[PDB]
Structure formats: C-alpha cells, structure tokens
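Cβ: placed from backbone, ideal geometry, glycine included. Neighbour counts: every protein chain shown. None of the figures in this text is laboratory data; all of them are computed from the coordinates on show.
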Amino acid sequence: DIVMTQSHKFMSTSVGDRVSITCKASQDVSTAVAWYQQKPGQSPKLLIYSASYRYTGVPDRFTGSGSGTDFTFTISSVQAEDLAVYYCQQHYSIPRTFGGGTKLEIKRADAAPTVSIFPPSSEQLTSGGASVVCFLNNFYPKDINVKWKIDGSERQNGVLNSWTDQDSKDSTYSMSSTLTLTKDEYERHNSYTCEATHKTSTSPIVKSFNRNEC
Amino acid sequence: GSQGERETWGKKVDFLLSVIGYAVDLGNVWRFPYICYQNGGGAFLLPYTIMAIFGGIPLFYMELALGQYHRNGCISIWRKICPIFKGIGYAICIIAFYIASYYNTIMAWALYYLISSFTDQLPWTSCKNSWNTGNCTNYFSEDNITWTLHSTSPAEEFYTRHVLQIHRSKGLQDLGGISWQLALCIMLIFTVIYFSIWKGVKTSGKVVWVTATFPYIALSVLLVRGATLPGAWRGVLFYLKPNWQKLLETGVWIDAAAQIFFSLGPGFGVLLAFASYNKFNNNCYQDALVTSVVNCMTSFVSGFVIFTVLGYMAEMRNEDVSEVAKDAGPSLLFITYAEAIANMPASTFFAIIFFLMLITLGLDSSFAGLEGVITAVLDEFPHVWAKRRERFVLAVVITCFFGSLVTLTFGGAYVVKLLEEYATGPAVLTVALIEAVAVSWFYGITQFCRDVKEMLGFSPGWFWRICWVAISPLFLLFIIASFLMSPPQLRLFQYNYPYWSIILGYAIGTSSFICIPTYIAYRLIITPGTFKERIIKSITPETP
Amino acid sequence: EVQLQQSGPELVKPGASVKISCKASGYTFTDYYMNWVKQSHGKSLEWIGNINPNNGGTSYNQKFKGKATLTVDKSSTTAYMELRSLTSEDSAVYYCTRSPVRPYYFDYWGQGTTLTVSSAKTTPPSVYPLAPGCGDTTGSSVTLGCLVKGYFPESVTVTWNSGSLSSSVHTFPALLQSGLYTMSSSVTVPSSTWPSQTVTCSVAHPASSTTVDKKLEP
Ligand SMILES: *[C@@H]1O[C@H](CO)[C@@H](O)[C@H](O)[C@H]1NC(C)=O
C-alpha cells in the first residue's frame with residue numbers, strides 16, 4: 001500500500017506570510033495529489049488536484065507544485081478565515097490514503113485576555129449546586145496561567161481549563177476556567193476571585209465578585 | 001506397395017519452427033504477463049518453471065516421442081496401443097472443432113483491424129465517426145477533462161460498437177445477427193489457412209517460416225519502441241515486482257500449472273501429428289527441450305513488450321498499471337494496447353505490425369490445430385481417404401466456418417469466452433490425463449522407455465520416468481480437480497453471464513467427451529469372450 | 001448546487017449495528033462513484049471504500065473489508081453504509097463524498113455523521129444560565145454565557161437568538177467526566193442592547209431529543 005506522510009503536524013505562519021506545507025508519499029506518484037482544506041467543524045473541502053491544478057471555486061491565493069514523492073502546497077496571502085487543517089492525498093493505487101494532516105496556526109501580536117467572572121445562577125442553586133465561571137476571551141498566544149481564589153487561597157481542586165481553537169477573524173484564542181462546588185460550600189463563602197497570568201503583562205488580571213446579592 | 005510408408009519432413013529446421021509456431025500464439029503475448037503481474041509479480045516465475053519442468057515438459061516430450069516413433073495419427077495410434085481409448089482421437093476432433101470456431105474470429109478482428117489500419121488517420125483516435133456515442137471523449141481535446149462512469153474511450157467505442165457491434169446483442173439469449181465483415185475476414189483466414197494446409201506438411205512448414213518468425217520481429221520492434229517510451233518502467237515494475245506472500249496462495253500454483261499446459265498444449269494430438277512425419281533416426285529429445293523454452297522465453301520477453309507500453313500508458317494516465325491492466329482479454333490488446341500505440345509517432349506502422357503479428361501468431365497455431373485432426377482422420381481412414389487431401393481439408397475448413405457463424409454474430413464475442421473457458425479447457429486436460437495415464441500405465445512406462453532406447457539409442461532417465469509414472473498425471477489431475485471445484489463466474493463488457501451459462505458450457509464440455517466411454521462400451525460389447533478375456537485383448541495392443 | 005445530506009448522529013451500544021444514509025442532489029447521480037471516509041477524533045482521514053451507483057459495484061479497503069457494507073438505491077438517489085461489530089474505535093465522524101472515476105478526488109462531501117459507540121445511558125443536559133453579577137462595571141460591551149452540564153454523548157448545539165446575531169461568540173469545547181459531557185458558551189454584545197432587548201440561549205441535545213431554552217437575566 002501507500003503511506004502519505006506529513007512530517008510537520010503543526011506549522012506556524014502569520015497573516016500575509018508565504019507558507020508552504022510539505023507532503024511525503026511512499027513511492028513515485030508522478031503528479032497525482034489532492035490538497036484538502038478542512039475547517040474546524042466543517043467537512044474537508046477540495047482545493048488542489050493533480051498537484052498543479054485548482055478545483056473550481058478556489059481563490060487564486062492557493063497553489064500547488066512538485067512532481068515526485070514530495071509535493072508543496074503554497075499560500076501566498078494567508079487570511080484569518082484561512083485557518084484550517086490541510087491534508088494531502090494520493091490518487092493512483094487502491095486503497096486511497098491520506099496524510100496525518102498539518103494544522104496551520106496563525107501568529108499575531110499579543111492580545112490582553114478579557115477576564116469575566118460569573119456567579120452561580122439560581123436555577124443551578126435550585127438543583128443543589130453552584131459553579132463560579134471565569135471566562136478568558138481574545139488573547140494570544142494560547143499559553144496562559146489561570147489561578148483561582150475562593151477566599152484569599154489558591155483553589156486547585158475543581159478547576160477545569162477548556163481552550164478553544166484559534167479564531168477565524170482576529171485569530172485570538174479563548175479559554176474558560178470553571179470552578180464547580182457544592183451548594184453547601186458555596187453559601188459558606190462570599191467573595192470569589194479568579195486571576196489569570198499571561199505574557200502580555202506581568203501582573204495577573206484579577207476579577208472578583210461578592211456572593212450576597214452581587 | 002502403392003503409397004505404403006508415409007511422407008517425411010523437408011528439413012530439420014522446418015518442423016522445428018513448425019512446432020514452435022503451434023506453441024507460440026496470442027496467449028504467449030497478453031495472457032502470460034497478466035497472470036504473472038497479478039500473481040506474485042516477478043515471483044510467478046518460480047512455480048511457472050516448476051510446473052513446466054515437472055508437469056509440462058514430460059507430457060510435451062512423451063506426446064512428441066510417441067509421434068515420431070509410431071508415426072500414426074491421433075486415432076490410429078490408439079488402435080496399436082489401447083484400442084478402447086481410440087475414442088480419444090475422436091474427442092480431439094470434436095475439441096478442435098470447438099476450438100476452431102472462435103479462434104479464427106479473433107484473428108478476423110485483428111484482420112479487420114489490419115485492413116482498417118491502412119488509412120492515414122486511424123479510426124479509434126478521433127471521436128467523430130458513425131459508431132461513437134456522446135460519451136466518446138478522446139485526447140487532443142480540451143484539457144482538465146474528468147471521466148464519467150458512462151463515458152467511453154474512442155478505442156473502447158471503436159472495439160465495442162464497430163468490429164464487435166456487441167451493443168446490437170442483449171447477450172447469449174439474442175446474439176443475432178451475423179456481422180458479414182468478420183465473416184469475410186475469417187473467410188480470408190480460412191482461405192489463407194486453406195492454401196497453407198491442403199497440400200500437407202510441406203506447405204505448412206514453408207508458411208511457418210513467415211508465421212513463426214515475424215512475431216519476434218514485431219515483438220522486438222515493440223520492445224525497442226516500448227523501452228524508449230517515457231515512464232515505461234511503471235509497467236515493468238508492476239510486472240516484475242515480487243510478491244512472495246502471493247506464493248502462499250494455493251491458487252497461484254494452479255494458475256501456473258494451467259498456464260504452462262495450455263501454452264504448450266501436450267496430449268492434443270497436434271504434436272503427435274507433427275512428429276509422425278519426422279525421421280525415425282532423428283532425435284526428438286533436444287527438440288522438445290528447446291522448443292518449450294522458446295515458448296516460455298517468448299512469453300517472458302512478450303511480458304516486457306506488453307508492460308512497457310502498458311507502463312507508458314499508465315504514465316500519461318496516473319500510475320497503478322494494475323488499473324489500466326484491469327480487464328484481461330482481447331480488450332487489453334485491442335483497446336488499451338491499441339489506444340496506447342495510437343498516441344505514438346508513426347502510429348500506422350506500429351498498428352499494422354501489431355494486428356498483423358496477432359494474425360501471425362494465430363495463423364501458425366491454426367495450421368497445426370487442423371493438421372493434427374487432418375492427420376488423425378487420414379491415418380485412421382487410409383485409402384478411403386487421401387484420394388485428395390484438398391478434399392478433406394476443404395471439408396473441415398468450411399465446417400469451421402459454419403461453426404464460426406455462431407461466433408461471427410454481434411454477441412459472438414460472448415460465445416468466444418463461453419467456449420474458451422467452459423468448453424475446451426476441462427476436456428483437453430481430461431483427454432490428456434487419460435492419454436498420459438494410458439501411455440505410462442496401460443502401455444507401460446518400461447516398454448515406453450524401451451521404445452526411446454531403440455529410438456535415440458539410450459533409455460530415458462529416471463527423472464522422466466518418475467514424471468511420466470507419477471508427477472505428470474498428478475500435474476494434470478491437479479488442474480482438473482481445481483477447475484471442477486471452482487467453476488469460474490465470467491463477465492464481459494459490463495455484462496454478467498447468466499447462471500445457466502455453465503450448464504450450456506458443460507454441454508459443450510461433455511459433448512466431445514461422450515465419444516470415448518461410448519466407444520469403450522462399443523469395444524467391450526463387440527469383443528467376444530468374458531470381461532477379463534475381452535478387456536485383456538482390449539488392453540493388449542495389436543499383436544502384429 | 002451539489003449537496004450531500006447525511007443522517008443525524010447516532011448513539012449505539014457495542015456489538016450492535018448501525019446504518020448511515022447519504023442523500024445526493026445537484027448532479028446526475030449515476031455519473032459518479034460514491035465514497036465513504038472515516039475520520040477519528042484527532043486522527044487523519046481514512047478511506048472506507050467506494051460504490052458504483054449503476055450496478056452497485058463495491059470496491060472496499062482491505063482494512064475495512066467485512067467491517068463495512070456499501071449499498072445504493074437509484075430510485076431515491078441515496079447511498080448507505082452499514083457497520084457491524086461496533087467498538088470504541090468505531091466512534092468517529094463519517095463522511096460520504098462524491099468522486100469521479102478519474103482523476104480520483106473528493107469534490108463534494110457530506111456534512112458528517114457523529115457516531116458514538118458506548119453503553120452509557122443517554123443523559124439529558126442541564127442548562128444553567130451564566131449571567132454577570134449586578135455589581136459588575138458595565139463597559140462598552142458585556143460578556144454573557146450559558147452552561148451545559150451532564151449530557152451524553154458529546155452531541156449538543158447551543159444557539160443564540162436564532163443565529164442573529166453572533167458576530168462574537170466563544171463556544172468552549174465539551175469536557176468528558178464520569179461518562180457525562182460538560183461545556184460552556186459565551187457571547188460578547190454591547191451594553192446598548194442590554195438589558196433592553198431579549199437575549200436567549202438555546203441548548204439542544206439531539207441524542208436525547210431535548211431542547212431547553214434559558215433567557216439571561218441580571
Ligand atoms: C452515454 O452512456 C449512458 C449510459 O452509459 C447513456 O445513458 C447515454 O445515453 C449515453 N449518451 C448518449 C449521448 O447516448
């Protein structure tokens with residue numbers, strides 16, 4: 001059989017930069033290669049075929065080249081909506097196989113995370129539970145530290161950090177820090193504080209609210 | 001007095017090339033490379049040579065030695081060996097009739113291709129013709145083209161809708177009517193074999209000079225042509241790429257055993273007829289050895305001839321020569337190979353010498369196929385025949401024309417595959433198995449070794465003895481049981497054969513076989529005495 | 001134009017069987033091969049096999065031989081893929097895509113079908129609105145949210161005001177714990193529309209066939 005190998009699982013580029021993703025096949029393909037664009041949450045979309053040719057409906061900024069085992073998918077102008085996962089695929093021999101894929105991450109300037117803390121709703125308090133939420137929106141890069149404070153003290157138990165993917169508009173990551181506690185433990189404390197340490201500023205961003213009728 | 005002893009060959013080289021012409025046919029060109037590249041790739045040579053040495057050569061040499069020693073036809077030779085098996089000569093006569101029905105229609109297609117290759121622009125290049133559909137898409141056309149399930153190539157359109165006109169038949173049910181162009185093409189073939197046969201082995205040996213030698217020239221021209229083609233290594237790669245895991249399959253040895261047998265075709269009485277006219281002092285051992293190697297080496301070099309052009313054809317398309325080699329049959333040479341040679345410079349030259357080679361490959365094998373039966377009946381009915389040989393030759397030739405009238409129809413190509421697979425294959429192996437067993441056992445292998453000891457001056461080695469006693473009948477018994485256990489499900493041109501086609505094929509298979517057991521019943525009922533007394537006289541050959 | 005509409009998500013127990021429809025439109029259905037591609041979570045695309053609509057001729061993959069069965073119907077122009085002996089590896093997104101016979105490429109794909117093979121009971125989600133406190137400082141924009149907790153499988157959808165408008169919404173991926181998924185959503189809207197107008201988040205779980213709508217209140 002045939003093995004399509006993409007040696008780089010991730011490739012860092014910037015908006016407008018010239019980026020080229022490689023592909024490595026098992027044997028000589030002459031020119032048969034198909035480059036697909038799968039946006040997150042969408043089906044894979046065909047772009048290049050026969051390695052030099054573009055499918056209908058594909059903008060001029062997407063090109064391809066090479067004849068051999070190795071092939072190159074070239075994007076002259078990268079956009080924000082161009083964030084996706086690209087695959088290379090061979091059509092000659094049965095079965096048809098795909099490469100591991102290369103996720104294209106967009107590099108941009110640092111962005112200050114927008115931190116918002118939320119009190120538990122009364123609908124959740126009716127069910128016998130309470131959850132204090134900490135939202136972190138529009139920051140770059142993905143690496144950020146999130147520290148929780150119930151009252152004055154670092155709470156490392158019951159904290160879940162969920163990182164979304166990169167944005168297709170401003171290319172900014174967003175994460176959510178969730179602190180889940182029992183209703184009995186929630187009514188024994190008042191002022192909750194969640195802080196976030198990012199590389200944009202040395203001082204961590206501190207948010208706080210009071211439990212008694214906000 | 002009067003005629004007495006039979007005739008003899010003109011020269012040692014004439015019958016040497018004559019038996020080589022019978023062995024080398026269309027199958028040595030397309031068939032061997034496909035089964036080689038499909039099973040194990042280049043590793044297919046290992047079982048193919050083993051099945052040749054153990055199975056193929058001893059039957060070929062035993063059949064050839066019996067011909068030169070006894071100098072009798074396919075029928076009369078059983079009168080002097082095992083008279084109950086005299087029906088074997090009759091079964092071969094019925095088998096060769098079923099063979100000659102379709103076999104000359106294929107050359108008629110290559111002849112229709114040969115006569116249609118005289119135009120400056122070949123018909124299967126362009127899609128503008130009377131026989132093309134709207135699905136026809138050729139090259140030298142708009143780029144970016146994407147093929148469709150319903151689309152058809154101009155070469156596939158040309159072969160389907162014109163020479164075959166297979167679209168005008170719904171299947172085996174209604175194949176009518178007859179295409180008269182192929183009826184004239186096969187009439188010319190029946191005429192050119194008429195003038196190459198009717199006199200005897202004298203004319204056949206001289207016409208063989210052209211018919212045996214020319215394919216090697218055309219193969220060499222297409223070899224040098226196919227080698228210079230860009231990207232021709234893909235076909236040769238897929239051709240010779242060894243797959244050793246395919247050797248673990250119990251079927252690939254059966255494919256190798258059946259391939260080497262039907263390429264050499266021992267025990268068919270044709271080699272028996274060609275040897276009957278040779279010299280008694282002459283040595284047939286060196287003949288059978290080198291003759292079989294030529295058939296195998298020709299198929300080996302024919303593998304490069306086909307797959308170099310198939311590799312270049314896969315180069316203009318995208319690789320995987322297996323996919324362009326998908327359909328194995330006349331479509332490989334008449335469509336894929338013809339469309340491949342149509343894209344090359346001076347395509348009229350290579351196309352003429354190609355289909356002419358195809359006619360040249362089938363002419364010599366058709367000469368001998370009739371020669372074996374003609375020699376059989378002439379030796380079986382002497383002085384009631386031989387008044388004129390052109391009389392018996394014309395009778396058997398025009399009979400094959402009426403037998404081919406079913407094959408000349410629109411669905412005649414459907415009948416070609418029905419007869420080639422179901423009919424001839426099992427019965428020829430059966431009649432060769434019964435022949436090999438009767439010679440090695442009934443007549444005995446000891447007296448057979450004594451006849452060779454009087455022929456060449458020395459007894460044959462123990463290797464040939466154990467082959468004739470055991471290995472060779474087991475070689476034929478292996479292919480028989482495998483064929484009967486797994487009867488093939490056949491399909492041609494996007495059309496699956498009906499379930500009852502095997503029933504019709506078994507009828508054509510047993511219709512030749514019914515003669516020998518009814519002849520054994522005819523011999524045992526006529527012979528007086530007891531069962532042990534009459535069969536002993538029936539087992540004992542003619543005492544004088 | 002050309003659209004391939006697959007079936008909805010499926011939650012099935014291991015050892016059972018499952019079937020996925022594919023509805024094709026916008027072209028001549030008998031003119032193209034029909035293919036099925038398997039994509040595991042975090043893994044690459046995997047070609048299961050193709051089928052010829054005319055005769056139903058099926059070319060499978062040696063890896064998927066006997067694992068998948070492709071069928072076709074020319075009356076409704078619909079292709080199916082059946083799977084037996086379901087395991088945890090079989091939980092993944094499957095796509096039915098159109099391809100010609102040459103050159104072989106997948107031009108149009110289906111929207112995908114989410115398959116989850118587990119014996120875990122189907123659990124309806126808990127929708128708790130996430131609203132800013134009354135002591136927060138109102139700026140040029142306010143961030144809202146809604147919480148989804150304790151649902152299985154991962155199939156869920158959270159919409160805001162019938163899709164109009166989300167020009168800023170941050171939906172945080174689902175996290176699996178104790179056999180139940182949990183996720184959260186957020187939306188950034190200016191302070192001029194709130195709390196003057198009506199803003200409501202809609203949570204829908206297709207596997208449990210439940211839809212709970214919760215309006216945000218300060
Ligand atoms: C092309 O072939 C399809 C089926 O193979 C047939 O339905 C169609 O009529 C053909 N086109 C023309 C122009 O005849």
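Below is a table of values for the structure above.
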{"read-out": "Candidates C:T157, C:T114, C:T69, ranked by Gaussian network fluctuation over chain C, Cα under 10 Å, top entry", "value": "C:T157"}
{"read-out": "Rel. contact order, % - alpha carbon contacts under 8 angstrom, at least six apart, the range A:1-148", "value": "26"}
{"read-out": "Label zone at C:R84, where the point sits 7 Å out along the Cα-to-Cβ direction: the range C:6-31 residues whose backbone N lies under 16 Å", "value": "C:14-20"}
{"read-out": "Cα gyration tensor, the range B:492-532 - rounded (a/c under 1.5), prolate or oblate", "value": "prolate"}
{"read-out": "Over the range B:1-108: Kirkwood hydrodynamic radius from C-alpha pairwise inverse distances, Å", "value": "17.3"}
{"read-out": "Positive-end residue, the range A:109-211 charge dipole about Cα centroid, Cβ charges, pick of A:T114, A:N210, A:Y173", "value": "A:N210"}
{"read-out": "Proxy reagent accessibility, fewest Cβ within 10 Å first, across B:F350, B:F334", "value": "B:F350, B:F334"}
{"read-out": "Per-selection metrics, the range B:213-261 (Cα): Rg and Dmax in Å", "value": "15.3, 39"}
{"read-out": "Disulfide-incompatible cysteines by the Cβ rule (no partner under 4.7 Å) in chain B", "value": "B:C36, B:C74, B:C82, B:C93, B:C185, B:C284, B:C296, B:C400, B:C449, B:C467, B:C515"}
{"read-out": "Shielding by partners, peptide C:22-35 (average Cβ within 10 angstrom, other chains)", "value": "1"}
{"read-out": "Residues A:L83, B:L111, B:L456 arranged by fewest to most Cβ contacts within 10 Å", "value": "B:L456, A:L83, B:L111"}
{"read-out": "Restraint check, B:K202/B:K279; C:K38/C:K67; B:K128/B:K170; A:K169/C:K38, Cα-Cα greater than 22 Å", "value": "B:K128/B:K170; A:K169/C:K38"}
{"read-out": "Cα-based convex hull volume of the range C:1-110 per residue, rounded to whole Å³", "value": "109"}
{"read-out": "Debye, to nearest 20: dipole size of chain A, +1 on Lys, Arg Cβ, -1 on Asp, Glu Cβ", "value": "300"}
{"read-out": "Whole-angstrom Cα spans of the range A:109-211 along principal axes, big to small", "value": "44, 27, 20"}
{"read-out": "Rg [Å, one decimal], Dmax [Å, integer] - chain C, C-alpha atoms", "value": "21.3, 70"}
{"read-out": "Cα-only radius of gyration and Dmax that characterise chain A, units Å", "value": "23.4, 72"}
{"read-out": "Radius, Kirkwood style, for the range B:98-246 when every pair of distinct Cα atoms is counted (Å)", "value": "19.2"}
{"read-out": "Ranked B:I374, B:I434, criterion: other C-beta atoms within 10 Å, fewest first", "value": "B:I434, B:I374"}
{"read-out": "Summed residue charge, Cβ within 11 Å of B:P215's Cβ, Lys/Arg positive, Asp/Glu negative", "value": "-2"}
{"read-out": "Coordinate range along principal axes, alpha carbons of the range C:66-127, Å, largest first", "value": "48, 32, 26"}
{"read-out": "Calculated FRET value between B:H167 and A:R188, using beta carbons and R₀ = 60 Å, to 0.05", "value": "0.10"}
{"read-out": "Most positive-pole-ward Cα, B:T152, B:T119, A:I94, against dipole of the protein assembly as shown from beta carbon charges", "value": "B:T119"}
{"read-out": "Per principal axis, descending, Cα span of the range B:161-296 in whole Å", "value": "48, 46, 37"}
{"read-out": "Equivalent ellipsoid semi-axes - Cα gyration tensor, the range A:67-131, angstrom", "value": "46, 22, 8"}
{"read-out": "Average silhouette area of the range C:148-218, convex hull of alpha-carbon atoms, in square nanometres", "value": "5.1"}
{"read-out": "Under 18 Å from A:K149, Cα to Cα: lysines that are on another chain or at least 8 residues apart", "value": "A:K183, A:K207"}
{"read-out": "Intensity falloff of the range A:1-108 expressed as log10 I(q)/I(0), Debye formula with alpha-carbon point scatterers, at q = 0.15, 0.21, 0.23 Å⁻¹", "value": "-0.57, -1.12, -1.33"}
{"read-out": "The range A:144-191 - charge dipole about Cα centre, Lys and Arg +1 at Cβ, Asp and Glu -1, debye rounded to 20", "value": "100"}
{"read-out": "Cα gyration tensor shape for chain B, rounded if a/c is under 1.5, else prolate or oblate", "value": "prolate"}
{"read-out": "Three-way shape call for the range B:326-461 based on the alpha-carbon gyration tensor, with the a/c threshold at 1.5", "value": "prolate"}
{"read-out": "Relative contact order (%) - chain B, alpha-carbon pairs under 8 angstrom, separation at least six", "value": "33"}
{"read-out": "Gain on full stretching of the segment that runs from C:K74 to C:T58 - 0.36 nm per residue minus C-alpha separation", "value": "4.3 nm"}
{"read-out": "C:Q5 paired with C:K65, simple spin-label distance in nm, labels 7 Å along Cα-to-beta-carbon", "value": "3.7"}
{"read-out": "Scaled radius of gyration (Cα, divided by 2.2 N^0.38 Å) that the range B:99-187 gives", "value": "1.23"}
{"read-out": "Charge dipole (debye, nearest 20) of the protein assembly as shown; +1 at Cβ of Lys and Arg, -1 at Cβ of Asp and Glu", "value": "2080"}
{"read-out": "Label-point gap, in nm, between B:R6 and C:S119 - each point 7 angstrom along Cα→Cβ", "value": "8.1"}
{"read-out": "Estimated FRET transfer efficiency when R0 is 25 angstrom, pair B:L184-B:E390 (beta carbons, to 0.05)", "value": "0.70"}
{"read-out": "Kirkwood hydrodynamic radius (C-alpha pairs) into Stokes-Einstein, the protein assembly as shown, 20 °C and 1.002 mPa s, D in µm²/s", "value": "63"}
{"read-out": "Selected from B:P33, B:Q68, B:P230, residue furthest toward positive end of dipole (chain B; charges at beta carbon)", "value": "B:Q68"}
{"read-out": "Charge tally in the Cβ shell below 15 Å around B:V416, where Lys, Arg are +1 and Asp, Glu are -1, B:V416 excluded", "value": "-1"}
{"read-out": "The range C:1-119, relative contact order in percent, only Cα pairs under 8 angstrom and at least six apart counted", "value": "36"}
